[PDB]
Amino acid sequence: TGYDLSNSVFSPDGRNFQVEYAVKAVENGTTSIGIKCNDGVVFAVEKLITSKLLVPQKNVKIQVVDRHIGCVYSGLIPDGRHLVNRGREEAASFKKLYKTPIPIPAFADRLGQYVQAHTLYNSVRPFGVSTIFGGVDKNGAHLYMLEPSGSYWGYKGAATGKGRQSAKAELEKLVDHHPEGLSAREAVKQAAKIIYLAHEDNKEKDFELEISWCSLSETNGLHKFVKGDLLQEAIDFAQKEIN
Amino acid sequence: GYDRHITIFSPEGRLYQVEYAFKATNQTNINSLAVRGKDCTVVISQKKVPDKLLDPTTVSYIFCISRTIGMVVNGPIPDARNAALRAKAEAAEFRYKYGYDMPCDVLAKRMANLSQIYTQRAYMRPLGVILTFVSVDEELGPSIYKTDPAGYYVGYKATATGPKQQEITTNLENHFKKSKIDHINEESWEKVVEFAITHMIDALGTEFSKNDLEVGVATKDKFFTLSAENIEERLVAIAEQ
Amino acid sequence: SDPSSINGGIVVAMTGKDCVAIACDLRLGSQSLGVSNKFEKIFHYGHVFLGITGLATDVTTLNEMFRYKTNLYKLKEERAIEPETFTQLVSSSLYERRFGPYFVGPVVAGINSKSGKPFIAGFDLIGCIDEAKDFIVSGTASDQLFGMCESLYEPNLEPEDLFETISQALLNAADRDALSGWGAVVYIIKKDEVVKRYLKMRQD
Amino acid sequence: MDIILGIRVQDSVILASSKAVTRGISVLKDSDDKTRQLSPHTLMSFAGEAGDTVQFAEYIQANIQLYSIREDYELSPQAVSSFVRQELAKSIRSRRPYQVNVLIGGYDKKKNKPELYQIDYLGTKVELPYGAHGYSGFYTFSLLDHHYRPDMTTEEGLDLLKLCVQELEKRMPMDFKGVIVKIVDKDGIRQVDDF
Amino acid sequence: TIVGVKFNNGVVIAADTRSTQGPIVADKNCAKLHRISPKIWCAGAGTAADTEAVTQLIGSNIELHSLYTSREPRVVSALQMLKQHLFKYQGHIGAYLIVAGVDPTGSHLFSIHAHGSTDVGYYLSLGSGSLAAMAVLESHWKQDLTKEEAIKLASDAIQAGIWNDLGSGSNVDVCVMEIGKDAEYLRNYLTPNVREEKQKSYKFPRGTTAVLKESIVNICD
Amino acid sequence: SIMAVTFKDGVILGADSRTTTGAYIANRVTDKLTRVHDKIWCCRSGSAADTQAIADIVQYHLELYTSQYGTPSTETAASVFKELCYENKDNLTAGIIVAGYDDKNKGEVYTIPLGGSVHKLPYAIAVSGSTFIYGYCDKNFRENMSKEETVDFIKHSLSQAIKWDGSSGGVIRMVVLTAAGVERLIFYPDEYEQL
Amino acid sequence: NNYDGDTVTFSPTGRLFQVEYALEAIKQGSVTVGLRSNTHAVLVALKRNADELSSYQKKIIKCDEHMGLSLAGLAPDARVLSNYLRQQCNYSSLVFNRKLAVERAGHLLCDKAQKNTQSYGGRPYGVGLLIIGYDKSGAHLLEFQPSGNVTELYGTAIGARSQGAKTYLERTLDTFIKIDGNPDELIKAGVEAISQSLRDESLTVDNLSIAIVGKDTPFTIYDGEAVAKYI
Amino acid sequence: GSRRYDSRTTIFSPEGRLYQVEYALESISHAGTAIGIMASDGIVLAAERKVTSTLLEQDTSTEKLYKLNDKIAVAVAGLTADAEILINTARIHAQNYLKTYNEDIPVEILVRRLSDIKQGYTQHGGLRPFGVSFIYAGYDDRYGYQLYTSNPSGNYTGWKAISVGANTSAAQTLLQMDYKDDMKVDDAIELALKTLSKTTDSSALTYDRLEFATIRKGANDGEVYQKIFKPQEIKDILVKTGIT
Amino acid sequence: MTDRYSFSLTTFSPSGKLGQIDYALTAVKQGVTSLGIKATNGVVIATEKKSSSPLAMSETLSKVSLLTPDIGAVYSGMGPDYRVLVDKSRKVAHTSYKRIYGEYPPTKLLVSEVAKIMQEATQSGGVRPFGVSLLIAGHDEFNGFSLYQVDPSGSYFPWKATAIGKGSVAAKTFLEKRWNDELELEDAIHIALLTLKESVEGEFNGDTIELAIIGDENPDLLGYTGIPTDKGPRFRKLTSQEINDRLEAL
Ligand SMILES: [Cl-]
Ligand SMILES: [Cl-]
Ligand SMILES: [Cl-]
Ligand SMILES: [Mg+2]
Ligand SMILES: [Mg+2]
């Protein structure tokens, strides 16, 4: 055999084992989710407090692309940062030529093609992150999830990392119980709850919650972090639900 | 055995990495079918949305290459999108250089020649996808041309791709033995779509709802995909006969 | 500072009955100063003759270049290049230097070894082909040679007659040009024999 | 760098080259040797743009000396002249062309014949019984046309050169401070000590 | 003087056969009609080397394109490839071309200027004789010309150039490209400028020229 | 002379048909209204070669944009024109008016003059050597004009320009961009001269 | 085992062994401590000698007037990364007349380290860095690891037996964080912290290396007789 | 990465041999025999075609003997395709020399450069060496008639008589036995054929399985002629020497 | 990233074999039978159209390709490798010959260029040899009619007649018996059809057989008149009907 020693090599199954190995790095990472709402998207992430010595609120994991796109990822954090850097170059070159800020589907394929390229040669390693991203464009709200293979789809709700199966289950209930749609302010509170519920699969170290959102009504179609009273309101809601 | 890891010959004159790329083709477990009318070319593909959290509108394996050329892919979506973006770039560049819309069969040849290079150059892996190109060509008329990871391509009276390809193939083979012609003798594209779906149902032995199918239609000077409601109307017509 | 008229000199080619003739003056100068009276401007690669007028460094360079190209042709093709084919090779080679040209006026003469058809052609410095039944002229006294040729020439001249006509065409043209003369050479080319005659002319 | 002459007689080639180097209004030197030995039986005199002359001469000298070592064989005067012409013919379509004119005098030991080659900065090569570069030929070519013979001795050839130098010293506006004379025969290259 | 004229079932191009260097006639019967493809022909004006070179390069690439696509080449392909090439060189390649021919889309007539501008017309003319040629075309052109009418109008427009323009003369070359037929190339279609008999024969008595030396040239191996 | 005018139902593009080398009219039936997308058109002024080369590249970019991201905005088309015109301003002499119809944005008009700058306007007119006019009877133009009004406004404006300017002439061509589709209008001299 | 040959190969459990081996070079490195208040940020480093005849390897490198780091692992790799930081701090000054933020310094080191973990032929960096600085948002301490993972902390330690000093800082957190406008007392807390990572050997005059940056204090390094006060 | 699949074609064995050169020489040993014999008044090149088929076009075929210029020819032993790459290089080098010096290239200079190209493929580039051995037969005005051989190592040597390819051991013993210094071309022709006739793996040596060439001064007064023998001319010389 | 494979993937084994060339020839052996026969007044090249599916349109896939008006090519082995070699062959006939000499190359020199491309795939970095053997039939004024075989190694040989692929050993024996130096073109086509019937198993008609000739000039296929020296292409692909006519009198 030895089909798993080199990236871009097909196994007799027709599988790229090196990509499947990169997924194991993603499964090992902290839990991150995305929730699509009436007029936008909400992103949330689990930050493990390794030590008291970590400065609260000052190790930000959610990244902005252009002014209208949010990106969160689970797995090798540096690989995520490398992908967002590329995303910012792709968004800049699109805006430079076409004037309009990059549509989310357009932006999705730009990451998709770049990640997929890192499965075509043995000289390169696949990306060790699943990326949940999205925002508001001319055609409305879009949420995407992108995997080490370069595979991506649109989502009503997305989850990746150690607590993905727990998060997915709680996301599936929201889709069923709100067919006519979920509001932006609701989605922030739900996001908080789902991270707290997903923290049960990673409960050794206590954690710090981090939420962001793009809403046509609430943020005026731009990406902002949830801070102060609105963050504490979402934490309180999540604390009340676990008990 | 490093002759199974890269695209060099095995002792029995085979390229294993090409043969394994063909097996990646069926990884999605989706079956596609293409047929030609008088005035049109219809392509249908199964649409499977297993996850409830997925936005079904974004789950597609049919791509609009040019404005006259349609491409359905059998294989993983990353390689599918890699092939799609390249075909789109190639079709645009052709129109700019030579001052007329790239024909279906010429794009097919070009994508097949690219596939061939991956089978001869070691640093590039083959794409694990089969590309079915459809159009109503202004010279050749209704056209189906299909590319594979070996860099092989050919024209088709009709064709099928996927796990249950052989069942759909023999179903169409038997129809063309009876009809005695190289196409579906039908005026409207609506009835050619109805034929395509009907013969897929008979071949696979499964029924289809509006969300279980995905349809692409090529007419003179445009290729377009049908919405769920366009398919639903088409399924009702079959049922009422 | 006009490269085509620093060194000076002329070439003329004519067709006859089953024969061609090509002739040139022997002068090389540096403007007013005559330097050499032995500078032949006609070269042959097998049975294909090439005359070259213009900047003398480029005349020598192109001779060396076409010897190189015809030597490799013969080794690969296993036969001598024909006039019609050589004409195309001159045209190709000049137009390759389109925006940095060789300052030359080449003339091809020879008989096709297969068809036996007399062939002549002329070119500009960037390789445009002038194919002509009658005659081709090149150099600093081209105007003079056009006048002589257009009046003296008649079709289907015998080799012995064609010699007199081309000789008189060159000699009288050179004598009305300051940068041409100092001796002359005439090649009479039949299917399977070639005679080369040096003409007696005024040395001023 | 002004006057370079060359005469090919029966059994030798004689090169005469002016000794003066003039920069601006001053004569810097009156003993300048405008020649390099390329091989034991091949001498090259040069004249043209300052710097370019010596730089070109030494570069050719190095390349011929390299060939001599590699093949343990002396390149013929015809072969050396052809090499030198090709180097100048490259130069003329360079970013900054060598503005150098050269005479190459050599004795071919295979043919037992003296040979004189005149090459200008364009790479215009010609073989001559006698040659010159720049305004030198304006006076000397008429004199040589009259007195020169192919069957002349070296002494006859030196007397005919004295007649050329006397004509130049009479009718030329610049003081070129006399000439260094070098003979190239079967025995190699020697300098005439007094002229 | 070069022209193109559209008719019912095709297009016809025509040209004069004079080449001039300053006031001197370099060639009295040069071919200004070029074959890009079997049914796509080009009339060329300007620098003679440039019109031939640009016509042969695009003709070569069109042949390779035809083999690759397994289709008869189109005039719009020859047009697009020529204009993009000429534009790249910002007019330094002095080729002014009338491109015409029958393809599967029908009959087409285009002009190309050296800077890479193209025009569409039913009748076109380029070169020093264009104003003389255009006067005839503007006077006699009508919609729904027959083939016989189109050839006559094209050759008449060249004749106007031959007589009235000093940059044009000698003979008239025509190429007729009809839909569903082989393109017919009428080389020296008209020869209205035949040199009259000379008054005297300038054939010299043999031995008239003084000869210093004779020698046999060895051209054999 | 070329202009583009926004009205109730969409936008109309107008231009003349004259192409001149010096005083010779090279083409008297020129089509200066060029399609870069189904409902994005441009008016070309300046160099014919330059404007054709730019228009061909812009058409290529919008065809590729449409393949990947769907129907592009008029603003996007104007941006692609500007990019080519600004970055290559040293080598290019092209004055372009971009007019397009979206179902969202309705009629939009952008002008790319010789600078390579972009300007969004209710209407634009360029006359003579790609010279853009401020105002040009602003009391003659109103917002939400009818098609019939807008055709009459352009027909009058261009006819006055042709009257006074020898570079303009021939027929008046117009292209109407609305939800309904694309309409081509032509007005011959005998109609538009008597105004 | 089979998956540690290069940095371009994932293991079946999704590990990059060449990176994990680079991380091991840091553990072999000599101990260094970093801690900060609201006003000042301090680096304390235990320097290591080859023998008694040799000098003590310098652990602390200045990057700008307001920023510098201490190293543990391959010293040459620290030189490459500190030289890169110096240029980025310099670029920020020349182009934007702007002192580079400590957070951006972290981000730039992360992205430089990452590229060397995804490309064949190249190798990961074999050094860990503690970056301290005072910028427009006050005092900052960063921990760099050649995986690319950069972390902002009140305090930390890296190198051999670093766990001792890291535990002390975890306990002392509430005390040393409030040492505002008192440099000497914040250093004393850093020296008492590194003392928890000593075995047999104690802090001598040419052994200890201290650096400080703060509100009205440029990044300065104390060595030799200048650190005698804190023994 | 790609390091895994690199054969490292340019390394030394522990014994200090070049693997790929040694294996290339093994390849050449299975190729049809080529013999060069140098006489006082010319050079003979004789080569055996590799197991001919009856339906192979013999008259319009070139496998073994190639012309480099008017004064130099080579006999090939190894991969024909590899030889043609090197032959076209040698042909150009010869014309470059003629263009530069206006003199035909001396034989050794052409040989040294072609040998230096082979050398390069053994010391750098990481490519397989050329699986080719040449016999160079040439004339120049310095050393007169000359025989040389080159092999994939890029080493070249001069010879009075030499063989390359199959059964060289046997062929070299027979040449060493019958060769003398005052030998004529006609005598050397007879030696070349008699040697092939005894070393051949075929049942009997026939015209259709041979390529033959001579470099004589047979043309009028101090000029060299290259004669690449026709099928009928080989048939005649084979009867005249009494082998058929 | 980047092509790091700058080293040979084809090397000598201790036995002196070039593995990848030997394996490429094995791929050619598995390939469908194709043959060529040279007559006095022309050349014929023929092969079976092994159809992947009966739904596939065998007309669209062309195994016999025009390289120049006077030169045609057929193959045995990997079809895709052949298709890109035909593209490269047509281009090199222009770039390295026609754009220099203004005429199409002679058969032997185009073959030599194809051979060169295939030799480079044998020695260049990061590539495998081409898995095809080509038969190239051509005419040129000075050499007349000629037939060449080209192998993955880059080696080429001229043939009076030969076969390559599946049943080549048997096909070559059949041709040896039937071939003489007095064969007319019609006789060579007849023998070609007889030879190919042996190697074909299924249906044998004009739709399953692909056959082309290098013969007389075809003015009707030129596409224009008015230049007497241009008399039209010598390459002609026989139609489905023209083949079936010669199968009746078989
Ligand atoms: Cl699409
Ligand atoms: Cl291609
Ligand atoms: Cl225009
Ligand atoms: Mg590969
Ligand atoms: Mg005179």
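So for chain H, numbering is Swiss-Prot's, and the shown residues are 2-245, in order.
According to its header, this structure was worked out by X-ray crystallography, 2.7 Å.
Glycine residues also receive a Cβ, built from the backbone N, Cα and C atoms like all the rest.
For the annotation ubiquitin cross-link, the record in Swiss-Prot points to H:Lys100 among the listed residues H:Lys100, H:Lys218, H:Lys228. Just one residue in H:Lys119, H:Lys199 has ubiquitin cross-link written against it in Swiss-Prot, and it is H:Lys199.
Rounded to a whole number, the C-alpha distance linking H:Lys199 (ubiquitin cross-link) with H:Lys231 (ubiquitin cross-link) is 23 angstrom. Every protein chain shown contributes to the tally, and the Cβ of H:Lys100 (ubiquitin cross-link) ends up with 16 other Cβ atoms within 10 Å. In sequence order, H:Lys100 are the recorded sites among H:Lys100, H:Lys199, H:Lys231 whose C-beta falls under 8 Å from a C-beta of chain C. H:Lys100 (ubiquitin cross-link) and H:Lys231 (ubiquitin cross-link) have their C-alpha atoms 32 Å apart, to the nearest angstrom. Counting only same-chain residues at least 6 apart in sequence, those with a Cβ under 8 Å from the Cβ of H:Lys231 (ubiquitin cross-link) are H:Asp60. Around H:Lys199 (ubiquitin cross-link), a 10 Å sphere centred on its CB holds 12 further CB atoms from the protein chains shown. Secondary structure at H:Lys199 (ubiquitin cross-link), taken from DSSP and collapsed to helix, strand or coil, is helix. Secondary structure at H:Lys100 (ubiquitin cross-link), taken from DSSP and collapsed to helix, strand or coil, is helix. H:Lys231 (ubiquitin cross-link) falls within neither a helix nor a strand when secondary structure is assigned with DSSP, and so counts as coil.
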